[PDB]
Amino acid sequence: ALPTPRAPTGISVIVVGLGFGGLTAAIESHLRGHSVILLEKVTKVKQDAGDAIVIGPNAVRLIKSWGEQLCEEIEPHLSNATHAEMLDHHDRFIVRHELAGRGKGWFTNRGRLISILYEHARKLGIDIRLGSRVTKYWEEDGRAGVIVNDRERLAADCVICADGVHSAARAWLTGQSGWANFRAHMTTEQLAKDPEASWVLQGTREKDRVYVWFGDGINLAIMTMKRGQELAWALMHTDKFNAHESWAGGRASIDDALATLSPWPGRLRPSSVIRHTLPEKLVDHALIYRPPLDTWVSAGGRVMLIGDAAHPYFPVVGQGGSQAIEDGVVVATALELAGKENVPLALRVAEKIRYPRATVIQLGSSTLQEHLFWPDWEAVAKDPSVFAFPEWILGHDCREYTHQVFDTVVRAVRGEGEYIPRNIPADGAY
């Protein structure tokens, strides 16, 4: 049984992006009685066997309330990995630690989860328009909208922008890193013949294995999949040097990834593994980071940013997509409770509920990023608990929390009172 949406709220919503924030906002809004159209520029969900992601329990509980079929749909795509073996740049063992969530989260592939959420949204009857490039955001009194493919104008009660780190909505709302990440996937047939690399296949038939190396401004993670028949890895590094007046296209070579690891005294075993990567299965994406914004909401109050467009994280917290999902849920829940004649209030309300929680984690990823690239090996040796992968994040329910505080936040925005955020730790630090 697919959940039947609530009574029509009379609220039309334009959602930009088919990522985690956009699909979340669209599905939750539809089920809460809103009239949803989702606009995405790509023609199909991109499928990459190496794009592995961790969805935390705080987002899994939200996704589960959209249909029980999803748990049985993503199950064969969930990794059975339990621990990550941390090592230094000398290739010396630090510690094994559990992955976060105590097994209540989802360690799976991105495109296969997005495809399931895309199909579930279609079964619900949500108007999803692919191949629809959004630009030229605009806003008036009572309505806001976008231009699709520079030919079609759409207008609605509000526009929720989840167009990622490369957000044109952000630039329109505001008017205003040096790191990169190798990403790769491979089969292990050729690697199994190499005795300098075959070590990575140990114990893989029983359970997926994870190895991570930290040190000297470099991070490397290797993950086995499918009983050791496949693996994926990610290498965070300083961005490749390009000339002043240089070709504006992208590039990715395994030799640069290997050269990045050359200064490591323990380079042998990691390099012996990744050197079997085929060139067609390797990318090198620059990582975007921007400090917290002054606001996620436009002046008129009917255009709002969520997800990476609002709060891009350094990928060391495993909460980017989950926080985008929390964004989409609270926004949709707030619209339902404020009503047609208070759409700007709802988005002002969702902002002050979400901004502290996403900003603590945002700044927390910036602090943890320095510690994991240039660690104090004395403190690590004294207490290895620092390196290794919080109930106030994973045990939280943004939905019921939004219901608790809605009136309190409404009175806080209007000025009747104050709002004490309790979706973050007291004296909030990550």
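Residue indices: 1-based, along the sequence shown.
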Residue 374 to residue 375: deposited residues not modelled, binned count -> none
Are any deposited residues left out of the model between residue 176 and residue 177, and how many (none, 1 to 3, 4 to 9, 10 or more)?
4 to 9
On mean Cα temperature factor in this entry, is 69 to 77 or 186 to 194 the higher one?
69 to 77
Could you check the entry and say whether 95 to 103 or 141 to 149 has the higher mean CA B-factor?
95 to 103
Considering only 219, 202, 229, 242, which residue's Cα atom bears the greatest B-factor as recorded?
242
Options 13, 25, 410, 18 - largest CA temperature factor per the record
410
Among the modelled residues of this chain, does the Cα B factor of residue 30 put it in the lowest, middle or highest third?
middle
Tertile call for residue 123 (CA temperature factor, within chain, third-based) is the highest
For residue 336, the third of its chain by CA B-factor is the highest
Among modelled residues of the same chain, the CA temperature factor third for residue 345:
highest
Within-chain third of residue 319 by Cα B-factor, per the entry
middle
